[PDB]
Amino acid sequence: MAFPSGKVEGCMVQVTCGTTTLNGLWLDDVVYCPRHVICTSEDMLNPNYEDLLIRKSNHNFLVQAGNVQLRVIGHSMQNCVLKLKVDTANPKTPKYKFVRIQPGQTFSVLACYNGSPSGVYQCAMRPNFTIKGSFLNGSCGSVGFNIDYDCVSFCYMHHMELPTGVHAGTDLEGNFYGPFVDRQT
């Protein structure tokens, strides 16, 4: 059984850089999202993320909370996630923590597209660090979480689909679960 999603729905935004759009997680005044948002389609083959990072400015990122655009005032990279500092703190930020889960553990996923929540379901982390998700194009940045009383424990951010149809992603510090890397290879 999935957890109720209301506390997490209020944290989802859309992030666009160039023609790449995915989802971000807005907590306090930081938006967390997968770093491959800064890739064009050609970059995705063998990205040099350090080089792409230098060439971006704050105004290259478009962050929207529904119809409201949020101004980006800084950005940094932490492992495989980008952290965009915005000028507005999310007034719906729940009590939360970032946790790294173990194979065998379950968590709920709020699947989102264009910054808008679409569905909620339960997943399990397999021994090879993959999950059998229901993720389509545009789902990157969707998060996995558990609820402990009133505290939302975020444990997964979605990045990619593997050839066999299963899914891989990172914790919220941007470290992959398993030996994968964020390149379309």
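The first residue of the shown sequence is 1; numbering continues from there.
Subject >> Given 58-66 and 153-161, the range whose Cα B-factors average higher in the PDB entry >> reply: The stretch with the larger average C-alpha B-factor is 58-66.
Original post:
If you average the Cα B factors in the entry, which is higher, 141-149 or 37-45?
Top reply: That would be 37-45.
Subject >> Identity of residue with top Cα B-factor, from 131, 30, 52, 120 >> reply: Highest C-alpha B-factor among the listed options: 52.
Original post:
Of the three thirds of its chain by CA temperature factor, lowest, middle or highest, which one includes residue 23?
Top reply: Its C-alpha B-factor belongs to the lowest third of this chain's values.
Subject >> Chain third (lowest, middle, highest) by recorded CA B-factor, residue given as residue 79 >> reply: CA B-factor rank for residue 79: middle third.
Original post:
Is the Cα B-factor recorded for residue 102 in the lowest, middle or highest third of its chain?
Top reply: It falls in the top third of the chain.
**OP:** Please place residue 90 in the lowest, middle or highest third of its chain by C-alpha B factor as given in the entry.
**Re:** Ranked within chain, residue 90 CA B lands in the lowest tercile.
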